[PDB]
Amino acid sequence: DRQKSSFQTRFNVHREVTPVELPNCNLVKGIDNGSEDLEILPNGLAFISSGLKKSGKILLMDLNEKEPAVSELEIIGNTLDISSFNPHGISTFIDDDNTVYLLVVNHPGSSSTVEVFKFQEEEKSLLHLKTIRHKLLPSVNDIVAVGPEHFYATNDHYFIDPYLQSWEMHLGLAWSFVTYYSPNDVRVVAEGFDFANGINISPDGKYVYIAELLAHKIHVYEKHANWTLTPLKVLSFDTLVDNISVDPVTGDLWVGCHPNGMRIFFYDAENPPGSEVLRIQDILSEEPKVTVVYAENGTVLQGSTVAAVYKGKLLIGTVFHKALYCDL
Ligand SMILES: [Br-]
Ligand SMILES: [Ca+2]
Ligand SMILES: [Ca+2]
Ligand SMILES: [Cl-]
(Lines give C-alpha, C1' and ligand atoms only; values in the text may rest on other atoms or scores of the structure.)
(Ligands and ions follow the chains in the order given, each with its own letter.)
Protein backbone atom coordinates (compact mmCIF):
# COMPACT_ATOMS: atom_id res chain seq x y z
CA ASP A 1 0.00 0.00 0.00
CA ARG A 2 1.78 3.02 -1.56
CA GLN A 3 -1.35 3.14 -3.74
CA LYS A 4 -2.42 5.29 -0.70
CA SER A 5 0.41 7.74 -1.42
CA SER A 6 -0.42 7.90 -5.17
CA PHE A 7 -4.09 8.42 -4.30
CA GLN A 8 -3.33 11.34 -1.95
CA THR A 9 -1.26 13.18 -4.42
CA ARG A 10 -3.54 12.53 -7.43
CA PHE A 11 -6.66 13.59 -5.55
CA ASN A 12 -4.68 16.43 -3.76
CA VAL A 13 -6.46 15.32 -0.59
CA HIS A 14 -4.72 17.76 1.78
CA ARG A 15 -5.32 20.91 -0.22
CA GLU A 16 -7.21 23.84 1.35
CA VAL A 17 -8.07 27.05 -0.35
CA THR A 18 -6.55 30.43 0.37
CA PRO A 19 -9.32 32.88 -0.54
CA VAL A 20 -8.85 35.28 -3.46
CA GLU A 21 -11.76 37.61 -3.87
CA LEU A 22 -13.01 39.70 -6.69
CA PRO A 23 -15.12 42.83 -6.35
CA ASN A 24 -18.75 42.34 -7.13
CA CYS A 25 -19.53 38.65 -7.81
CA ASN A 26 -23.19 37.65 -8.53
CA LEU A 27 -24.66 34.13 -8.89
CA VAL A 28 -26.37 33.85 -12.35
CA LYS A 29 -30.15 33.58 -11.69
CA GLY A 30 -31.57 30.37 -13.10
CA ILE A 31 -28.40 28.24 -13.08
CA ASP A 32 -28.72 25.60 -10.45
CA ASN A 33 -27.89 22.28 -12.02
CA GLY A 34 -24.42 22.64 -13.51
CA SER A 35 -22.77 24.85 -16.02
CA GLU A 36 -19.78 22.50 -16.75
CA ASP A 37 -18.54 24.26 -19.80
CA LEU A 38 -19.09 27.50 -21.59
CA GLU A 39 -17.75 29.52 -24.42
CA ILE A 40 -18.11 33.13 -25.29
CA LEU A 41 -18.28 34.43 -28.87
CA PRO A 42 -16.36 37.64 -29.93
CA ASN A 43 -19.63 39.50 -29.86
CA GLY A 44 -20.28 38.62 -26.13
CA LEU A 45 -22.87 35.88 -26.57
CA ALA A 46 -22.02 33.04 -24.19
CA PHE A 47 -23.07 29.39 -24.55
CA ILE A 48 -23.28 27.28 -21.45
CA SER A 49 -23.97 23.53 -21.16
CA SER A 50 -25.85 22.18 -18.06
CA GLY A 51 -27.66 19.33 -16.44
CA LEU A 52 -24.74 16.97 -17.01
CA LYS A 53 -25.40 13.58 -15.20
CA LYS A 54 -32.78 18.54 -14.28
CA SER A 55 -32.77 17.73 -18.05
CA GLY A 56 -29.77 18.56 -20.35
CA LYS A 57 -29.63 22.07 -21.82
CA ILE A 58 -27.61 24.65 -23.63
CA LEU A 59 -28.03 28.14 -22.11
CA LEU A 60 -27.41 31.55 -23.70
CA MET A 61 -26.31 34.86 -22.00
CA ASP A 62 -25.70 38.15 -23.73
CA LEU A 63 -22.72 39.43 -21.80
CA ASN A 64 -23.15 42.94 -23.25
CA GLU A 65 -26.26 43.37 -20.98
CA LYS A 66 -25.47 45.07 -17.65
CA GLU A 67 -27.08 42.30 -15.53
CA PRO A 68 -27.33 39.37 -18.13
CA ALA A 69 -30.18 36.89 -17.83
CA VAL A 70 -29.88 33.21 -19.07
CA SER A 71 -32.31 31.76 -21.58
CA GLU A 72 -32.61 28.15 -22.61
CA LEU A 73 -31.77 27.67 -26.31
CA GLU A 74 -34.36 25.69 -28.18
CA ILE A 75 -32.99 22.72 -30.12
CA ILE A 76 -34.75 21.95 -33.39
CA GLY A 77 -34.21 19.33 -36.12
CA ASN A 78 -35.08 15.68 -36.42
CA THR A 79 -31.61 14.21 -36.23
CA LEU A 80 -31.34 14.48 -32.42
CA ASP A 81 -33.14 12.70 -29.57
CA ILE A 82 -33.44 15.37 -26.83
CA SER A 83 -34.84 13.03 -24.22
CA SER A 84 -31.41 11.61 -23.73
CA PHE A 85 -29.47 14.93 -24.39
CA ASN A 86 -26.79 15.10 -21.64
CA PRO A 87 -24.32 17.84 -22.63
CA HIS A 88 -20.66 18.09 -21.30
CA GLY A 89 -17.79 20.03 -22.96
CA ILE A 90 -18.55 22.39 -25.87
CA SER A 91 -16.62 24.36 -28.54
CA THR A 92 -17.65 26.82 -31.28
CA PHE A 93 -16.45 27.37 -34.81
CA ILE A 94 -17.28 30.52 -36.86
CA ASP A 95 -17.04 29.89 -40.63
CA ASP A 96 -16.03 32.37 -43.39
CA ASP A 97 -19.74 33.31 -43.92
CA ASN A 98 -20.07 34.08 -40.10
CA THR A 99 -22.17 30.96 -39.49
CA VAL A 100 -21.61 29.82 -35.96
CA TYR A 101 -21.35 26.10 -35.31
CA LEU A 102 -21.60 24.81 -31.79
CA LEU A 103 -20.10 21.38 -31.01
CA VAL A 104 -21.38 19.67 -27.94
CA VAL A 105 -20.08 16.52 -26.26
CA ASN A 106 -23.14 14.41 -25.38
CA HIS A 107 -23.47 11.35 -23.14
CA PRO A 108 -26.73 9.66 -24.10
CA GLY A 109 -26.49 6.90 -21.44
CA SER A 110 -23.01 5.51 -21.03
CA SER A 111 -21.73 6.49 -24.42
CA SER A 112 -20.21 9.57 -26.12
CA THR A 113 -21.07 11.47 -29.25
CA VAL A 114 -20.20 14.90 -30.48
CA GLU A 115 -23.34 16.83 -31.65
CA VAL A 116 -22.90 19.56 -34.25
CA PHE A 117 -25.44 22.42 -34.26
CA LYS A 118 -25.84 25.61 -36.22
CA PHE A 119 -26.55 28.54 -34.00
CA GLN A 120 -29.54 30.58 -35.34
CA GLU A 121 -29.11 33.99 -33.74
CA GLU A 122 -32.26 35.87 -34.80
CA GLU A 123 -34.28 32.89 -33.39
CA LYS A 124 -32.32 32.07 -30.16
CA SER A 125 -32.24 28.45 -31.39
CA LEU A 126 -29.89 25.51 -32.23
CA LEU A 127 -30.42 23.60 -35.50
CA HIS A 128 -29.04 20.12 -34.92
CA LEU A 129 -27.02 18.99 -37.97
CA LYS A 130 -25.05 15.85 -37.16
CA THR A 131 -24.24 13.21 -34.57
CA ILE A 132 -20.56 12.16 -34.53
CA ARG A 133 -19.33 8.97 -32.95
CA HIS A 134 -16.24 6.81 -33.36
CA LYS A 135 -14.21 4.07 -31.74
CA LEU A 136 -11.42 6.66 -31.15
CA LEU A 137 -13.94 8.80 -29.06
CA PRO A 138 -14.87 6.26 -26.37
CA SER A 139 -15.24 8.69 -23.41
CA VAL A 140 -15.21 12.26 -24.60
CA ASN A 141 -14.71 15.03 -22.08
CA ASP A 142 -14.13 18.24 -24.07
CA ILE A 143 -13.32 19.17 -27.69
CA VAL A 144 -11.84 22.11 -29.44
CA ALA A 145 -13.39 22.84 -32.89
CA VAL A 146 -11.21 23.67 -35.90
CA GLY A 147 -14.06 23.43 -38.49
CA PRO A 148 -17.78 22.49 -38.60
CA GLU A 149 -16.93 18.82 -38.09
CA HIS A 150 -13.26 18.93 -37.25
CA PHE A 151 -11.94 18.89 -33.72
CA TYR A 152 -9.45 17.62 -31.20
CA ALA A 153 -11.18 15.73 -28.39
CA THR A 154 -9.96 14.52 -24.99
CA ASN A 155 -11.07 11.09 -23.80
CA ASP A 156 -10.89 11.16 -20.04
CA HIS A 157 -10.88 7.33 -20.07
CA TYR A 158 -9.94 4.47 -22.31
CA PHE A 159 -13.06 2.46 -21.39
CA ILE A 160 -16.70 3.31 -22.03
CA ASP A 161 -18.26 1.14 -19.31
CA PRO A 162 -18.57 3.15 -16.02
CA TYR A 163 -17.60 0.09 -13.89
CA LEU A 164 -14.41 -0.40 -15.97
CA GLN A 165 -13.77 3.42 -16.04
CA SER A 166 -13.84 3.34 -12.30
CA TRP A 167 -11.28 0.50 -12.10
CA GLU A 168 -9.24 2.15 -14.83
CA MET A 169 -9.10 5.38 -12.74
CA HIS A 170 -8.32 3.80 -9.38
CA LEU A 171 -5.69 1.47 -10.86
CA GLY A 172 -3.93 4.59 -12.16
CA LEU A 173 -3.54 3.14 -15.68
CA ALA A 174 -3.30 6.60 -17.35
CA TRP A 175 -4.68 5.39 -20.71
CA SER A 176 -6.65 8.39 -21.51
CA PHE A 177 -5.83 9.91 -24.87
CA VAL A 178 -6.49 12.73 -27.34
CA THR A 179 -8.11 12.29 -30.81
CA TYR A 180 -8.08 14.39 -33.96
CA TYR A 181 -11.39 13.90 -35.78
CA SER A 182 -12.30 15.08 -39.32
CA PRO A 183 -14.52 13.59 -42.05
CA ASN A 184 -11.50 12.01 -43.95
CA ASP A 185 -9.09 11.33 -41.11
CA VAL A 186 -9.43 10.21 -37.52
CA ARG A 187 -6.27 9.48 -35.49
CA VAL A 188 -4.94 9.44 -31.97
CA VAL A 189 -2.61 12.46 -31.58
CA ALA A 190 -1.39 12.00 -27.93
CA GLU A 191 -1.83 9.34 -25.30
CA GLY A 192 -0.86 8.05 -21.83
CA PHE A 193 -2.82 10.69 -19.82
CA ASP A 194 -4.13 10.44 -16.32
CA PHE A 195 -7.67 11.93 -17.01
CA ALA A 196 -7.20 14.27 -19.98
CA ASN A 197 -9.98 16.81 -19.59
CA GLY A 198 -9.92 20.45 -20.85
CA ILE A 199 -8.45 21.20 -24.29
CA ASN A 200 -8.10 24.38 -26.29
CA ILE A 201 -6.02 26.17 -28.96
CA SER A 202 -3.99 29.38 -29.38
CA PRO A 203 -5.74 32.09 -31.50
CA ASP A 204 -3.19 31.63 -34.36
CA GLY A 205 -3.92 27.85 -34.43
CA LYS A 206 -0.25 26.85 -33.71
CA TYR A 207 -0.51 25.48 -30.14
CA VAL A 208 -2.83 23.06 -28.49
CA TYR A 209 -3.32 23.01 -24.69
CA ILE A 210 -4.45 19.95 -22.82
CA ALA A 211 -5.41 19.68 -19.12
CA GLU A 212 -4.53 16.39 -17.40
CA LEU A 213 -6.80 16.56 -14.39
CA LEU A 214 -5.31 13.96 -12.00
CA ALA A 215 -1.69 14.77 -12.71
CA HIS A 216 -2.29 18.54 -12.11
CA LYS A 217 -0.74 19.39 -15.50
CA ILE A 218 -1.30 21.50 -18.57
CA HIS A 219 0.58 20.20 -21.70
CA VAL A 220 1.45 22.51 -24.51
CA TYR A 221 1.75 20.92 -27.96
CA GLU A 222 2.91 22.53 -31.15
CA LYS A 223 0.11 21.95 -33.66
CA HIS A 224 1.33 21.47 -37.30
CA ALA A 225 -0.01 22.10 -40.79
CA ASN A 226 -0.84 18.37 -41.03
CA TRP A 227 -2.88 18.46 -37.73
CA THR A 228 -0.30 16.43 -35.85
CA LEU A 229 0.76 17.45 -32.30
CA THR A 230 4.21 17.39 -30.81
CA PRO A 231 5.01 17.92 -27.06
CA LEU A 232 6.56 21.26 -26.21
CA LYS A 233 6.19 22.07 -22.48
CA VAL A 234 4.37 20.80 -19.39
CA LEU A 235 3.18 23.15 -16.59
CA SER A 236 2.51 21.71 -13.12
CA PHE A 237 0.09 23.09 -10.48
CA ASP A 238 -1.18 22.38 -6.96
CA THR A 239 -4.71 21.86 -8.18
CA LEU A 240 -6.80 19.59 -10.42
CA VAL A 241 -7.02 21.52 -13.77
CA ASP A 242 -10.37 21.03 -15.52
CA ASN A 243 -11.48 23.15 -18.62
CA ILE A 244 -9.18 25.58 -20.45
CA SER A 245 -10.49 28.79 -22.09
CA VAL A 246 -8.30 30.98 -24.23
CA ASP A 247 -8.64 34.70 -24.55
CA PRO A 248 -8.52 35.42 -28.28
CA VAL A 249 -6.85 38.83 -27.85
CA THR A 250 -3.97 37.86 -25.62
CA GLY A 251 -3.76 34.09 -26.04
CA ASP A 252 -3.86 33.86 -22.20
CA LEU A 253 -5.31 30.72 -20.65
CA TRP A 254 -8.19 30.93 -18.13
CA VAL A 255 -8.51 27.65 -16.33
CA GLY A 256 -11.30 26.35 -13.94
CA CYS A 257 -9.73 24.09 -11.29
CA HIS A 258 -10.70 21.82 -8.38
CA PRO A 259 -8.29 22.49 -5.49
CA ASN A 260 -9.01 19.25 -3.58
CA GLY A 261 -9.97 16.10 -5.55
CA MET A 262 -11.71 14.24 -2.73
CA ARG A 263 -14.34 16.91 -2.56
CA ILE A 264 -15.18 16.86 -6.28
CA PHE A 265 -15.02 13.01 -6.71
CA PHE A 266 -16.72 11.95 -3.44
CA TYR A 267 -19.36 14.61 -3.07
CA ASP A 268 -20.55 15.53 0.47
CA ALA A 269 -22.86 18.56 1.17
CA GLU A 270 -21.15 18.84 4.64
CA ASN A 271 -17.76 19.22 2.86
CA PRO A 272 -18.61 20.60 -0.63
CA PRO A 273 -15.97 21.38 -3.27
CA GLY A 274 -14.62 24.90 -3.64
CA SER A 275 -13.61 26.89 -6.72
CA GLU A 276 -10.49 28.26 -8.29
CA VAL A 277 -9.63 30.18 -11.52
CA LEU A 278 -6.10 30.49 -12.87
CA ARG A 279 -4.83 32.83 -15.48
CA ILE A 280 -1.72 31.81 -17.44
CA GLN A 281 0.20 34.41 -19.42
CA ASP A 282 3.17 33.89 -21.80
CA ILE A 283 2.84 30.18 -21.67
CA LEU A 284 5.86 29.73 -24.09
CA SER A 285 8.36 32.04 -22.25
CA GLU A 286 10.83 30.49 -19.70
CA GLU A 287 8.76 31.56 -16.58
CA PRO A 288 4.99 31.51 -17.49
CA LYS A 289 3.06 33.98 -15.27
CA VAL A 290 0.47 31.93 -13.34
CA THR A 291 -2.10 33.94 -11.29
CA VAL A 292 -4.89 32.82 -8.99
CA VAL A 293 -7.63 35.23 -10.03
CA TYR A 294 -10.47 33.85 -7.87
CA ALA A 295 -10.56 31.15 -5.18
CA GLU A 296 -13.03 30.19 -2.41
CA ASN A 297 -14.05 27.11 -0.49
CA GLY A 298 -17.52 26.70 -1.83
CA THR A 299 -19.65 28.84 0.39
CA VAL A 300 -20.65 30.76 -2.71
CA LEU A 301 -19.68 28.64 -5.80
CA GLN A 302 -19.04 24.88 -5.68
CA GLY A 303 -16.94 22.82 -8.07
CA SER A 304 -15.65 25.32 -10.64
CA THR A 305 -14.73 23.61 -14.02
CA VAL A 306 -14.44 26.57 -16.41
CA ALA A 307 -13.85 30.33 -16.58
CA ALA A 308 -13.72 32.82 -19.37
CA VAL A 309 -13.46 36.60 -19.58
CA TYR A 310 -15.29 39.12 -21.68
CA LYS A 311 -14.62 42.94 -21.54
CA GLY A 312 -13.76 43.07 -17.83
CA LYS A 313 -16.11 40.31 -16.65
CA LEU A 314 -15.33 36.81 -15.48
CA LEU A 315 -17.92 34.07 -15.89
CA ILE A 316 -17.33 30.83 -13.97
CA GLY A 317 -19.32 27.52 -14.40
CA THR A 318 -19.40 24.32 -12.30
CA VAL A 319 -20.00 20.64 -12.66
CA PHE A 320 -23.35 20.39 -10.87
CA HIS A 321 -23.96 23.68 -9.12
CA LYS A 322 -24.24 27.35 -10.06
CA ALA A 323 -22.45 29.93 -12.20
CA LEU A 324 -20.81 33.17 -10.97
CA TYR A 325 -20.40 36.42 -12.87
CA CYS A 326 -17.79 38.88 -11.46
CA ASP A 327 -15.93 42.11 -12.21
CA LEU A 328 -12.26 41.71 -12.59
BR1 LIG B 1 -11.90 22.29 -2.55
CA1 LIG C 1 -14.75 23.37 -24.25
CA1 LIG D 1 -14.12 19.09 -18.36
CL1 LIG E 1 -15.82 -0.51 -22.41
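Residues numbered from 1 in each chain as written, not as in the entry; some residues may be left out. Chains lettered and ligands numbered in written order. Heavy atoms only, no water. Residues with missing side-chain atoms left out of burial classes, pairs and counts.

For this entry, the PDB record names X-ray crystallography as the structure determination method and reports a resolution of 2.302 Å.

Examining the pairing of strand β3 (residues 45-50)
Note the following rule: Categorising residues by exposure relies on relative accessible area from a 1.4 Å probe, with only protein chains included: less than 20% of the type maximum marks a residue as buried, more than 50% marks it as exposed, and the intermediate range marks it as partly exposed. Secondary structure elements follow DSSP: runs of H or I no shorter than four residues count as helices, runs of E no shorter than two count as strands, and numbering proceeds from the N terminus. Two strands qualify as a pair provided that DSSP identifies no fewer than 2 bridges between them.
Most of β3 is tucked away, with six of its six residues classed as buried. Here β3 shows a buried face lined by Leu45, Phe47 and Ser49 and a second buried face lined by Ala46, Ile48 and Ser50. The pairing of strand β2 (residues 37-40) with β3 spans four bridges and is antiparallel. Residue pairing across strands places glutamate 39 opposite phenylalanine 47, the latter belonging to β3. Adjacent in sequence and paired antiparallel, β2 and β3 are bridged by four residues, among which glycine 44 carries a positive phi angle near 90°. In the sheet, β3 pairs with strand β4 (residues 57-62) via six bridges, with the strands oriented antiparallel. Bridge pairing in β4 links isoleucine 48 to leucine 59.

Some thoughts on the sheet that holds strand β9 (residues 113-120)
Our working definition: The axes are straight lines fitted to the C-alpha atoms, using for helices just the contacting stretch, and the angles between their N-to-C directions are given from 0 to 180°.
Spatially, five strands are ordered β6-β10-β9-β8-β7 in an open sheet, and the strand pairing comes out mixed. Two strands close off the open sheet at either side, each with one partner strand: β6 (74-76) and β7 (87-94). For this sheet, the mean inter-axis angle between neighbouring strands, taken without regard to orientation, is 35°. Bridge count for β6 against strand β10 (residues 125-132) is three bridges, and the pairing is parallel. Bridge pairing in β10 places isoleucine 76 opposite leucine 127.

Digging into the nonpolar core
The tendency in soluble globular proteins is for nonpolar side chains to be buried as a group. Using the following cut-off: Nine residue types can take part in a nonpolar core, namely buried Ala, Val, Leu, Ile, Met, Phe, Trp, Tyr and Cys, and a core is a set of them joined through side-chain atoms within 4.5 Å. Residue contacts are defined here by distance: any two heavy atoms, one from each residue, within 4.5 Å place the two residues in contact.
Counting residues in hydrophobic clusters, the biggest one holds 16 residues, and the most contacted among them are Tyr209, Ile218, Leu253, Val255 and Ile280. Among the elements of the structure, β16 (207-212), β17 (217-223), β19 (240-246), β20 (253-258) and β21 (275-281) are those that each provide at least two residues to this core. Dropping the residues within four chain positions of it, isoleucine 280 is found in contact with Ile218, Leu235, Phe237, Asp252, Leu253, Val255, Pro288 and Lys289.

Examining the coordination of the calcium ion (ligand 2)
Spelled out, the test is: Water is not part of the atom set, so a site may look incomplete; the donors themselves are N, O and S atoms within 2.8 Å of the metal, or 3.2 Å for Na, K and Ca.
Within the protein, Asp37 (OD), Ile90 (O), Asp142 (OD) and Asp142 (OD) serve as the donor atoms for the calcium ion (ligand 2), at 2.3 to 2.6 Å. Here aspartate 37 and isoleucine 90 have matching classes, each one buried.

A short note on unusual backbone geometry
Phi is mostly negative for residues that are not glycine, and the peptide bonds are mostly trans. Although it is not a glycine, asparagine 24 sits at a positive phi angle of roughly 60°. Residue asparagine 98 is not a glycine yet carries a positive backbone phi of 65°. Take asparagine 98: its relative accessible area is 60%, and that puts it in the exposed class.

Details of the coordination of the calcium ion (ligand 3)
Only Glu36 (OE), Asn141 (OD1), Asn197 (OD1), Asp242 (OD) and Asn243 (OD1) from the protein reach the calcium ion (ligand 3) as donors, at distances of 2.3 to 2.7 Å. As far as the burial class goes, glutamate 36 and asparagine 243 line up, both buried.

Describing the sheet that holds strand β15 (residues 196-201)
The four strands lie next to each other as β15-β16-β17-β18, forming an open sheet whose pairing is antiparallel. The open sheet is flanked by β15 and β18 (229-236), the only strands paired with a single partner. Neighbour to neighbour, the strand axes of the sheet diverge by 25° on average, direction disregarded. Bridge analysis of β17 against β18 gives seven bridges, and the strand direction is antiparallel. Within the sheet, the bridge partner assigned to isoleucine 218 lies in β18 and is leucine 235.

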